[PDB]
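Listing of work.txt; format and content: compact mmCIF, C-alpha atoms and all ligand atoms.
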```txt
# COMPACT_ATOMS: atom_id res chain seq x y z
CA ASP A 9 -69.01 -41.68 55.38
CA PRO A 10 -66.04 -39.55 54.32
CA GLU A 11 -63.72 -42.49 53.77
CA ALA A 12 -66.27 -44.27 51.60
CA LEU A 13 -66.65 -41.05 49.56
CA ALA A 14 -62.89 -40.76 49.14
CA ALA A 15 -62.73 -44.36 47.88
CA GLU A 16 -65.48 -43.57 45.35
CA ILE A 17 -63.64 -40.45 44.07
CA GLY A 18 -60.34 -42.31 43.64
CA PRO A 19 -57.88 -43.06 42.30
CA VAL A 20 -57.05 -45.23 45.33
CA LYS A 21 -59.74 -47.59 46.63
CA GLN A 22 -57.84 -49.51 49.31
CA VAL A 23 -54.47 -49.53 51.05
CA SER A 24 -52.36 -52.29 52.73
CA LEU A 25 -50.75 -51.44 56.10
CA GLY A 26 -48.51 -53.91 58.06
CA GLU A 27 -48.95 -54.45 61.88
CA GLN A 28 -46.30 -51.96 62.46
CA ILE A 29 -44.82 -49.09 60.65
CA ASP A 30 -42.18 -50.07 58.05
CA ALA A 31 -39.38 -47.77 59.22
CA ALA A 32 -37.52 -47.68 55.90
CA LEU A 33 -40.79 -46.76 54.10
CA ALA A 34 -41.41 -44.02 56.65
CA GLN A 35 -37.90 -42.62 56.10
CA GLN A 36 -38.51 -42.51 52.33
CA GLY A 37 -41.77 -40.74 53.19
CA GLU A 38 -39.96 -38.16 55.30
CA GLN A 39 -37.67 -37.27 52.40
CA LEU A 40 -40.62 -37.03 50.03
CA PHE A 41 -42.60 -34.89 52.47
CA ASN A 42 -39.70 -32.45 52.65
CA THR A 43 -39.57 -32.35 48.86
CA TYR A 44 -43.29 -32.09 48.06
CA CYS A 45 -45.18 -30.94 51.14
CA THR A 46 -43.09 -28.75 53.51
CA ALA A 47 -43.50 -25.75 51.22
CA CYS A 48 -47.09 -25.48 52.45
CA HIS A 49 -47.54 -27.69 55.54
CA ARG A 50 -46.11 -27.94 59.08
CA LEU A 51 -46.74 -30.81 61.45
CA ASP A 52 -47.82 -28.80 64.53
CA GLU A 53 -49.32 -25.58 63.25
CA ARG A 54 -51.24 -24.03 60.40
CA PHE A 55 -49.23 -22.60 57.54
CA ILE A 56 -50.37 -22.28 53.90
CA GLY A 57 -52.35 -25.44 54.54
CA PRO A 58 -53.50 -27.19 57.73
CA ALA A 59 -51.26 -28.88 60.31
CA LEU A 60 -50.65 -32.53 59.50
CA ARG A 61 -49.20 -34.38 62.50
CA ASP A 62 -52.55 -35.84 63.48
CA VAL A 63 -54.08 -36.22 59.99
CA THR A 64 -53.98 -40.04 60.24
CA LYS A 65 -55.96 -39.78 63.53
CA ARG A 66 -58.60 -37.54 61.96
CA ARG A 67 -58.88 -38.99 58.44
CA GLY A 68 -58.72 -42.40 56.81
CA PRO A 69 -55.82 -43.52 54.65
CA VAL A 70 -57.74 -43.61 51.37
CA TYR A 71 -58.74 -39.96 51.86
CA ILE A 72 -55.17 -38.97 52.58
CA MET A 73 -53.80 -40.87 49.53
CA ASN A 74 -56.37 -39.34 47.18
CA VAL A 75 -55.78 -35.77 48.43
CA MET A 76 -52.10 -36.31 47.48
CA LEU A 77 -52.75 -38.04 44.17
CA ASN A 78 -55.94 -36.23 43.06
CA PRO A 79 -56.27 -32.99 44.98
CA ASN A 80 -58.40 -31.37 42.19
CA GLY A 81 -60.90 -34.20 42.22
CA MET A 82 -61.01 -34.18 46.00
CA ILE A 83 -61.60 -30.43 46.04
CA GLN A 84 -64.37 -30.84 43.45
CA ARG A 85 -66.16 -33.76 45.04
CA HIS A 86 -65.26 -34.26 48.75
CA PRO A 87 -67.00 -32.00 51.31
CA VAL A 88 -64.12 -31.94 53.75
CA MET A 89 -61.63 -30.68 51.13
CA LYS A 90 -64.16 -28.20 49.80
CA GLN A 91 -64.57 -26.71 53.32
CA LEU A 92 -60.80 -26.49 53.72
CA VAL A 93 -60.49 -24.55 50.47
CA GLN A 94 -63.05 -22.07 51.86
CA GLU A 95 -60.93 -21.80 55.02
CA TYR A 96 -57.45 -21.66 53.52
CA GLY A 97 -58.14 -19.92 50.23
CA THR A 98 -55.31 -21.32 48.18
CA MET A 99 -55.56 -24.73 46.51
CA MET A 100 -53.49 -27.86 46.64
CA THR A 101 -52.65 -28.91 43.05
CA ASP A 102 -51.36 -31.86 41.12
CA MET A 103 -47.71 -32.73 41.86
CA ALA A 104 -47.35 -35.64 39.46
CA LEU A 105 -47.02 -38.06 42.38
CA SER A 106 -47.15 -41.84 41.96
CA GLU A 107 -49.07 -44.16 44.23
CA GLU A 108 -45.81 -45.56 45.74
CA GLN A 109 -44.59 -42.06 46.61
CA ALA A 110 -47.92 -41.25 48.22
CA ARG A 111 -47.92 -44.57 50.15
CA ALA A 112 -44.44 -43.73 51.55
CA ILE A 113 -45.63 -40.28 52.62
CA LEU A 114 -48.63 -41.94 54.32
CA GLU A 115 -46.21 -44.18 56.23
CA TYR A 116 -44.31 -41.08 57.38
CA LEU A 117 -47.59 -39.49 58.50
CA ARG A 118 -48.42 -42.64 60.57
CA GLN A 119 -44.99 -42.30 62.16
CA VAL A 120 -45.22 -38.64 63.13
CA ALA A 121 -48.63 -39.32 64.73
CA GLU A 122 -46.81 -41.83 66.99
CA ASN A 123 -43.84 -39.53 67.68
CA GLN A 124 -46.07 -36.94 69.34
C1 LIG B 201 -49.35 -25.68 48.84
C2 LIG B 201 -49.13 -25.37 47.47
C3 LIG B 201 -49.61 -27.19 49.09
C4 LIG B 201 -48.80 -28.24 48.85
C5 LIG B 201 -47.40 -28.24 48.26
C6 LIG B 201 -49.38 -29.40 49.50
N1 LIG B 201 -50.57 -29.06 50.15
FE1 LIG B 201 -51.78 -30.24 51.20
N2 LIG B 201 -53.09 -28.75 51.44
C7 LIG B 201 -52.88 -27.43 51.07
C8 LIG B 201 -54.05 -26.63 51.44
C9 LIG B 201 -54.11 -25.11 51.15
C10 LIG B 201 -54.96 -27.49 51.91
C11 LIG B 201 -56.42 -27.23 52.33
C12 LIG B 201 -57.36 -27.52 51.13
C13 LIG B 201 -57.04 -26.56 50.01
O1 LIG B 201 -56.64 -27.03 48.90
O2 LIG B 201 -57.19 -25.31 50.29
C14 LIG B 201 -54.33 -28.79 51.99
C15 LIG B 201 -54.92 -29.91 52.53
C16 LIG B 201 -54.29 -31.13 52.72
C17 LIG B 201 -54.84 -32.31 53.33
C18 LIG B 201 -56.20 -32.42 54.05
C19 LIG B 201 -56.13 -32.12 55.54
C20 LIG B 201 -57.40 -32.45 56.29
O3 LIG B 201 -57.52 -32.00 57.48
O4 LIG B 201 -58.26 -33.18 55.73
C21 LIG B 201 -53.90 -33.27 53.34
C22 LIG B 201 -53.98 -34.70 53.92
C23 LIG B 201 -52.75 -32.70 52.66
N3 LIG B 201 -52.98 -31.39 52.29
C24 LIG B 201 -51.56 -33.40 52.47
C25 LIG B 201 -50.45 -32.87 51.78
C26 LIG B 201 -49.27 -33.64 51.49
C27 LIG B 201 -48.99 -35.02 52.13
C28 LIG B 201 -48.50 -32.93 50.61
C29 LIG B 201 -47.24 -33.40 49.86
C30 LIG B 201 -47.41 -34.57 49.10
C31 LIG B 201 -49.23 -31.71 50.35
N4 LIG B 201 -50.41 -31.69 51.08
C32 LIG B 201 -48.80 -30.65 49.56
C33 LIG B 201 -51.75 -26.94 50.45
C34 LIG B 201 -50.67 -27.68 49.94
```

Show me this structure written as structure tokens.
Ligand code: HEC
Amino acid sequence: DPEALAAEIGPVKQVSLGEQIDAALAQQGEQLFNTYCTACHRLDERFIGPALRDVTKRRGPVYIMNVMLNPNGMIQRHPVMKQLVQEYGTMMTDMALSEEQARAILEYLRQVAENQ
């Protein structure tokens, strides 16, 4: 169970989502994605790392939060991230992100999956 494994690696164990996307939180997330993530990721194609538009359809939220917050631990202990390092070659590394920043980015990722 890859989401169970992500929760065991940490740091995040659980997330709170409302019934709908919080649009202001998603906008904050967009800005933070530009700042932290666009250097290596696109929404609709591979780049330095994988395409992200549908990551919330493919992966659980605790996985996505812990890749952002603890990419080194995820690469060391989570089989999906380890396979992606074999595929992509370069590594995602610590960005000194806080949980609230990562939760905003996750909100943005939920939004772009809806935008299609
Ligand atoms: C280049 C230096 C990176 C930065 C900046 C960010 N990511 Fe990344 N990410 C990168 C690669 C090369 C990979 C594959 C694994 C590896 O380390 O080689 C990834 C992977 C992800 C994943 C997993 C995707 C999956 O299909 O499971 C996610 C969810 C992810 N990256 C998210 C993400 C976000 C939100 C970023 C900004 C906070 C971010 N990454 C930065 C390379 C790079």

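Residue nearest ligand LIG 201 (chain B), chosen from A:34, A:77, A:99, A:112 and counting all atoms listed in the file: A:99.
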
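Using all atoms listed in the file for every distance, the candidate list A:122, A:9, A:30, A:102 yields A:102 as the residue closest to ligand LIG 201 (chain B).
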
Report as JSON lines: every residue of chain A with an atom at most 8 Å from ligand LIG 201 (chain B), its closest pair of atoms, and their distance in Å to one decimal, counting all atoms listed in the file, with rows sorted by chain and ascending residue number.
```
{"residue": "A:40", "atom": "CA", "partner": "B:LIG201", "partner_atom": "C30", "distance": 7.3}
{"residue": "A:41", "atom": "CA", "partner": "B:LIG201", "partner_atom": "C29", "distance": 5.5}
{"residue": "A:43", "atom": "CA", "partner": "B:LIG201", "partner_atom": "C29", "distance": 7.8}
{"residue": "A:44", "atom": "CA", "partner": "B:LIG201", "partner_atom": "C29", "distance": 4.5}
{"residue": "A:45", "atom": "CA", "partner": "B:LIG201", "partner_atom": "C29", "distance": 3.5}
{"residue": "A:46", "atom": "CA", "partner": "B:LIG201", "partner_atom": "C5", "distance": 6.8}
{"residue": "A:47", "atom": "CA", "partner": "B:LIG201", "partner_atom": "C5", "distance": 5.5}
{"residue": "A:48", "atom": "CA", "partner": "B:LIG201", "partner_atom": "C1", "distance": 4.3}
{"residue": "A:49", "atom": "CA", "partner": "B:LIG201", "partner_atom": "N1", "distance": 6.3}
{"residue": "A:56", "atom": "CA", "partner": "B:LIG201", "partner_atom": "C9", "distance": 5.4}
{"residue": "A:57", "atom": "CA", "partner": "B:LIG201", "partner_atom": "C8", "distance": 3.7}
{"residue": "A:58", "atom": "CA", "partner": "B:LIG201", "partner_atom": "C19", "distance": 6.0}
{"residue": "A:59", "atom": "CA", "partner": "B:LIG201", "partner_atom": "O3", "distance": 7.5}
{"residue": "A:60", "atom": "CA", "partner": "B:LIG201", "partner_atom": "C19", "distance": 6.8}
{"residue": "A:63", "atom": "CA", "partner": "B:LIG201", "partner_atom": "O3", "distance": 6.0}
{"residue": "A:66", "atom": "CA", "partner": "B:LIG201", "partner_atom": "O3", "distance": 7.2}
{"residue": "A:67", "atom": "CA", "partner": "B:LIG201", "partner_atom": "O4", "distance": 6.4}
{"residue": "A:71", "atom": "CA", "partner": "B:LIG201", "partner_atom": "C22", "distance": 7.4}
{"residue": "A:72", "atom": "CA", "partner": "B:LIG201", "partner_atom": "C22", "distance": 4.6}
{"residue": "A:73", "atom": "CA", "partner": "B:LIG201", "partner_atom": "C22", "distance": 7.6}
{"residue": "A:75", "atom": "CA", "partner": "B:LIG201", "partner_atom": "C21", "distance": 5.8}
{"residue": "A:76", "atom": "CA", "partner": "B:LIG201", "partner_atom": "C30", "distance": 5.3}
{"residue": "A:79", "atom": "CA", "partner": "B:LIG201", "partner_atom": "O1", "distance": 7.1}
{"residue": "A:83", "atom": "CA", "partner": "B:LIG201", "partner_atom": "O1", "distance": 6.7}
{"residue": "A:88", "atom": "CA", "partner": "B:LIG201", "partner_atom": "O4", "distance": 6.3}
{"residue": "A:89", "atom": "CA", "partner": "B:LIG201", "partner_atom": "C12", "distance": 5.3}
{"residue": "A:90", "atom": "CA", "partner": "B:LIG201", "partner_atom": "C12", "distance": 7.0}
{"residue": "A:91", "atom": "CA", "partner": "B:LIG201", "partner_atom": "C12", "distance": 7.6}
{"residue": "A:92", "atom": "CA", "partner": "B:LIG201", "partner_atom": "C12", "distance": 4.4}
{"residue": "A:93", "atom": "CA", "partner": "B:LIG201", "partner_atom": "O2", "distance": 3.4}
{"residue": "A:94", "atom": "CA", "partner": "B:LIG201", "partner_atom": "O2", "distance": 6.9}
{"residue": "A:95", "atom": "CA", "partner": "B:LIG201", "partner_atom": "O2", "distance": 7.0}
{"residue": "A:96", "atom": "CA", "partner": "B:LIG201", "partner_atom": "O2", "distance": 4.9}
{"residue": "A:97", "atom": "CA", "partner": "B:LIG201", "partner_atom": "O2", "distance": 5.5}
{"residue": "A:98", "atom": "CA", "partner": "B:LIG201", "partner_atom": "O2", "distance": 4.9}
{"residue": "A:99", "atom": "CA", "partner": "B:LIG201", "partner_atom": "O1", "distance": 3.5}
{"residue": "A:100", "atom": "CA", "partner": "B:LIG201", "partner_atom": "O1", "distance": 4.0}
{"residue": "A:101", "atom": "CA", "partner": "B:LIG201", "partner_atom": "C2", "distance": 6.7}
{"residue": "A:103", "atom": "CA", "partner": "B:LIG201", "partner_atom": "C30", "distance": 7.5}
{"residue": "A:105", "atom": "CA", "partner": "B:LIG201", "partner_atom": "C30", "distance": 7.6}
{"residue": "A:110", "atom": "CA", "partner": "B:LIG201", "partner_atom": "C30", "distance": 6.8}
{"residue": "A:113", "atom": "CA", "partner": "B:LIG201", "partner_atom": "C27", "distance": 6.3}
{"residue": "A:114", "atom": "CA", "partner": "B:LIG201", "partner_atom": "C27", "distance": 7.3}
{"residue": "A:117", "atom": "CA", "partner": "B:LIG201", "partner_atom": "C27", "distance": 7.9}
```

ask   = Expressed in Å to a single decimal, how great is the separation between CA of residue 22 in chain A and CA of residue 69 in chain A?
value = 8.3 Å

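Of the listed residues A:25, A:121, A:82, A:51, the one whose atoms come nearest to residue 10 in chain A is A:82, with distances taken using all atoms listed in the file.
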
Test item: residues at most 10 Å from range 27-29 of chain A, all atoms listed in the file, excluding those fewer than 4 positions along its chain, as a PyMOL selection string = chain A and resi 33-34+115-116+118-119+122

inquiry  = Report, in Å with one decimal, the straight-line distance from CA of residue 42 in chain A to CA of residue 14 in chain A.
reply    = 24.9 Å

remark   = Taken to one decimal, the CA of residue 74 in chain A-CA of residue 52 in chain A distance is 22.0 Å

Range 92-104 of chain A: axis-aligned bounding box, 5 Å on each side, centre and edge lengths in Å, one decimal, as AutoDock Vina command-line options:
```
--center_x -55.2 --center_y -27.8 --center_z 47.2 --size_x 25.7 --size_y 25.7 --size_z 25.6
```
